[PDB]
């Protein structure tokens, strides 16, 4: 309208947006900093970066932008482009890229009392350190540090924002249910806000918004843990295969191939930081070492099975341990022509008897192999169960604290 033109011309005749609004030399401008989370886009762990879509709820008072609405047909507030007024250089300090400032410069709301309100939107990429120890059963603590890049505590005073009917401060990230998309991989457990000072520097002050988020590990559960469990079952099963089948090595070494394939699968998903080993990688390495030991013991069992008196002499300790003691514990418990013809028959009988003795010793060796294989079966079953259960409970006992401490 014409009156809005007149009011704008009156307000900005000598107004300098470069000058901070201070009634008297030494006054401080109180700036209220609030945050509204519209969408928690990503939490890329490879680069340790959180992408969010937010609004900044900024509020301050500019004494120069005051007018009497009675003299202007009762105009109570104006929508003035954000570049025409002084604004505090509120930026995200812990950004991962070089983008400190907002993205969308929505025009400010100025009221006749001098109260300026600004709610610019931004897509921010902040840097939060990732605690890779319980990944993917992990909760993260990603912060967003906001302060004036230019002005210090002697020039502006940061404060928390007020609720819709401003009576008390809002000390949290605001989430508008009408416009808010759940991440689908992250649950927001706490979202507090707090002001922070620095003992060394008395001119520093910021408002930090903390996001405590817990991951939903269903994807990783399926795609890594279930196949690993099946491979561990196969590694245990190798000790039930008879050595005569000639398939022990196939089973065990193919299981090892499968585990290394799963390692290749997981390579491009785990963060590449060296402060700790994520629990999923620990479980993969434990399964890999278990499968390798199953291969080693399969080789030993096959070696024992294929022994004979022609190559090995069975020692006393092996016989005592594996044939006398272990089985009950493991529940196994096992005329010239006539003279020539007579000599030929006698020789045949002698050969058969020698073969019988040789076969008996071979069967002793094979029984030792069987008992050793059963012992390894039980030992590996126990080890695998205990280790998997321990790792899984350790993973499942990792929960964010009830109190955010912020």
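Numbering follows the first chain given and starts at 1. Heads up, when I say rigid core I mean the largest set of C-alphas that superpose within 1.5 Å between the two forms.
Relative to the displayed structure, the C-alphas of 262-270 lie farther away on average in 8 other deposited structures of this protein than those of the other candidate, with 241-249 and 262-270 compared after rigid core superposition. Structural divergence in 8 other deposited structures of this protein between 253-261 and 205-213: following superposition by the core, 253-261 has C-alpha atoms lying farther from the shown form. Coverage remark for residue 227: present in the model in all other entries compared whose chains are built on both sides, leaving no third without it.
In the comparison with other entries of the same protein, residue 335 is left without coordinates in at least one third of those covering both sides of it. Deposited sequence between residue 334 and residue 335: 10 or more residues lack coordinates.
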